[PDB]
There are 2 protein chains.
Amino acid sequence: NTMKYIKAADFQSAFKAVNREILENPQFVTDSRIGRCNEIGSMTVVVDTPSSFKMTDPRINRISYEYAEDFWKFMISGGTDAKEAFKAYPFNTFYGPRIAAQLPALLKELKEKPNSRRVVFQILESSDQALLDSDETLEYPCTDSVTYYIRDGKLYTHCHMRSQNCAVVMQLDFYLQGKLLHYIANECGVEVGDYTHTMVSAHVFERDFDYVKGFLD
Amino acid sequence: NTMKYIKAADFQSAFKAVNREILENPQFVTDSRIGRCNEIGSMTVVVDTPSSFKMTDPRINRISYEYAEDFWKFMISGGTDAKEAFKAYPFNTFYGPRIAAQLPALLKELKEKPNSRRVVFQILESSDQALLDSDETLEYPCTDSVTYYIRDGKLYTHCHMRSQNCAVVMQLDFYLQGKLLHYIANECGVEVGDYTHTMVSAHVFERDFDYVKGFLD
Ligand SMILES: Nc1ccn([C@H]2C[C@H](O)[C@@H](COP(=O)(O)O)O2)c(=O)n1
Ligand SMILES: Nc1ccn([C@H]2C[C@H](O)[C@@H](COP(=O)(O)O)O2)c(=O)n1
C-alpha cells in the first residue's frame, strides 16, 4: 500500500525512501503539464537531523552542489540577475527577493514574541496566478510556504510544497531549505530541532525512472 | 510516543483522534500568545469521506452548526459585513473575499488544464504580516492555503493550517473546508476523493481540557 508518511534520520535517507515509494507504490500514474509521472498526493516527510542537507551519495548527481551553493548565494542575497549568477550553467518568481522582503518582520516576530505560531514565509502568493493562463515560462512557485517556530531553545521548520519533482529538483529544495533554516537558527541564537516537508504533489517523471533506479541500492 | 499522522474514515473520528493525541501525547506543553496549551507540531490528518463534515456527536457543541452554516454563507458570499452577518451571536482578514478574488482564475486552471498541480487558494498572504507588530485584534489567518487537484474524475483537497485550535475552532474549519471542497467539486462536475489537513501547530489549550474529555468516550 502507498506509504505517505516517511520519517528519516537525514535528508538522503528521506530522499531515497520518497523516490523508492513513488516508483513502487504510486497513488496516481498521470499525464501532467510537463509529461507522464508517478505521483503520491499529500506526502509528509520528516528529517530528524537537518544539518544533513548536503547528501553524500555521488550517484545523486543531477543537482551538483557547486550549482546548489551558487543557487543558495543567489537566493539568500535576494538578487534578480540570474543570467549573471548562473552564467557557468547553460515581475519575477525568484524566491530570494520574497524571502528578503519578509525577513525583517518575520525575524522580529520569531525573536520577540515567545512561542509564536505566526512565522510563515510565503513563497507562492495569489499574484502569481497571472501566470496560469499565460505563455510565460517563469516558474509558478513550487514552494507554497515555510513555517518556523521555536520551542524550548530549538528551531522547528515546516516547508509546504505545492509541487515537488522528487528525483531531481528535491535535491536542490532540500539543500536550499537546509541552508535557510540554519541561517534563521543562527540569527536567533538557537539550535536546530527537526524538519518537516509536506508535498501536495510528490512526483517522479517516467523519463527519470532509470536515474532513480541508479541511486537506489 | 507522539503520533503525528492520523487516518480516519470521517471528520468526527479524525477530530476525536487528534484531540485525544494532543491531550495524552503532546510534543510540547507551552505558553502561547493566548495562554497555555498542549501542542503537536506538523500533524497530518487524512479524512477518507469528506462529505462527513457535519459531525453528529452533540457533545461537540462549542461551534453550533447554526453558527457554522451562517459562517459558510458569509464566507462563500465573499461579504465584509460580519457585524450584520452574526448579529445573533455576541483591510480585513476575512477568508471570503480572498476566496472570491481567486475563484475565477483557479476554477479556470482546475477545469481547463488537465491534471494540474497549480490550483492553490492562498488565505494567509505576506501583507498580513503588518498585523504582527500591531495592536489590532484582526485574525492573522490561521489557514495558510487550500490546494485542489483532480485525477481520474475525483477532486482531492489539501488544507494547510498554520495554526489550529483542535478542540474548538477545528470544528468550524472542518465544516467550512468540507462545504468548500464540495462547492468546488460541484462546479467542476466531479466526484470527491479524500481530504488532507496539515497543521504546523496543532494545539489544545489547557482551559479546554475538560471540554475535550467531555466528548471522548
Ligand atoms: N522549487 C521547485 C520548483 C519546481 N519544482 C518542480 C515541480 C514540478 O515538477 C515542476 C513545476 O511544474 P508545475 O507548475 O506543473 O507543478 O517543477 C520543484 O520540484 N521544486
Ligand atoms: N480558522 C482558524 C482561525 C483561528 N484559529 C485559532 C488557532 C489559534 O488558537 C488562534 C490563532 O492564534 P495565533 O495567531 O497565535 O496562532 O486561533 C483556528 O484554529 N482556525
Side-chain angles (χ1 to χ4, degrees), chain A residues 4-5 7 27-28 30-33 37 39 41-44 46 98 101-102 105-106 108-109 112-122 124-133 140-142 144-145 147-149 151-152 156-158 160 162-164 193-196 198-201 203, chain B residues 4-5 7 27-28 30-33 37 39 41-44 46 98 101-102 105-106 108-109 112-122 124-133 140-142 144-145 147-149 151-152 156-158 160 162-164 193-196 198-201 203:
Chain A
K4 290 196 171 204
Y5 183 92
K7 191 175 152 83
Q27 181 174 6
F28 314 103
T30 183
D31 267 32
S32 87
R33 184 188 60 95
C37 61
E39 177 181 63
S42 298
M43 276 220 94
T44 301
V46 174
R98 298 175 189 209
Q102 294 164 74
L106 291 183
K108 176 182 181 53
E109 170 82 8
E112 305 191 351
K113 309 294 198 295
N115 302 316
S116 172
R117 286 167 302 237
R118 289 179 164 179
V119 177
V120 180
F121 283 90
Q122 301 295 325
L124 178 62
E125 298 249 58
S126 63
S127 38
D128 300 319
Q129 292 163 20
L131 295 168
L132 302 173
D133 201 28
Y140 176 84
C142 303
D144 199 14
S145 71
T147 303
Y148 295 111
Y149 65 91
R151 305 287 184 270
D152 299 328
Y156 295 87
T157 301
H158 187 123
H160 187 58
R162 166 190 72 77
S163 179
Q164 181 82 85
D194 71 5
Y195 172 82
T196 303
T198 47
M199 327 156 261
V200 185
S201 169
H203 59 261
Chain B
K4 290 196 171 204
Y5 183 92
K7 191 175 152 83
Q27 181 174 6
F28 314 103
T30 183
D31 267 32
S32 87
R33 184 188 60 95
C37 61
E39 177 181 63
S42 298
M43 276 220 94
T44 301
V46 174
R98 298 175 189 209
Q102 294 164 74
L106 291 183
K108 176 182 181 53
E109 170 82 8
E112 305 191 351
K113 309 294 198 295
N115 302 316
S116 172
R117 286 167 302 237
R118 289 179 164 179
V119 177
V120 180
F121 283 90
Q122 301 295 325
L124 178 62
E125 298 249 58
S126 63
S127 38
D128 300 319
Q129 292 163 20
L131 295 168
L132 302 173
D133 201 28
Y140 176 84
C142 303
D144 199 14
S145 71
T147 303
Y148 295 111
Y149 65 91
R151 305 287 184 270
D152 299 328
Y156 295 87
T157 301
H158 187 123
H160 187 58
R162 166 190 72 77
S163 179
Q164 181 82 85
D194 71 5
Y195 172 82
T196 303
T198 47
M199 327 156 261
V200 185
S201 169
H203 59 261

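Here is the naming used below: chain letters follow the sequence lines, and residue numbers restart at 1 for every chain. As a basis for the values below, the full set of heavy atoms in this structure was taken, side chains included, without hydrogen atoms, waters or symmetry mates.
Looking at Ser126(A), both its backbone and its side chain come within 4.5 Å of chain B, counting heavy atoms on both sides. Contact annotation for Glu39(A): only side-chain heavy atoms (C-beta onward) come within less than 4.5 Å of a heavy atom of chain B. Proximity to chain B (any heavy atom under 4.5 Å) is restricted, for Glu109(A), to the side chain, taken from C-beta onward. Contact of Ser116(A) with chain B is not made at all, since no heavy-atom distance falls under 4.5 Å.
Contact check for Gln129(A) versus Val120(B): no side-chain heavy atoms found under the 4.5 Å cut-off. For the pair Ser145(A) and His160(B), the minimum side-chain heavy-atom distance is below 4.5 Å. Inter-residue side-chain proximity for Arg118(B) and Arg33(A) is flagged as met; some heavy-atom pair is nearer than 4.5 Å.
Note: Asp133(A) leads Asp133(A), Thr196(A), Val46(A) in heavy-atom pairs under 4.5 Å with chain B. Most heavy-atom pairs under 4.5 Å with chain B, from the set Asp128(A), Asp194(A), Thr147(A): that is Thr147(A). The greatest number of non-hydrogen atom pairs below 4.5 Å with chain B, out of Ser42(A), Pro114(A), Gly193(A), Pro141(A), is found for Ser42(A).
Within 6.0 Å of atom CG in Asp152(A), 12 or fewer heavy atoms from other residues, nucleotides or ligands are found, so the atom counts as exposed in its surroundings.
Here the closest non-hydrogen pair linking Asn115(B) and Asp31(A) is ND2-O, 2.6 Å.
In this structure, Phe28(B) and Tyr156(A) have perpendicular ring planes: the angle between them is above 60°, well past the 30° mark.
For the residue pair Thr44(B) / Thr44(A), a side-chain donor-acceptor distance below 3.5 Å is found, with atom types taken as modelled.
Side-chain atoms of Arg162(B) come within 3.5 Å of backbone atoms of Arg117(A) as a donor-acceptor pair (strictly under, hydrogens ignored).
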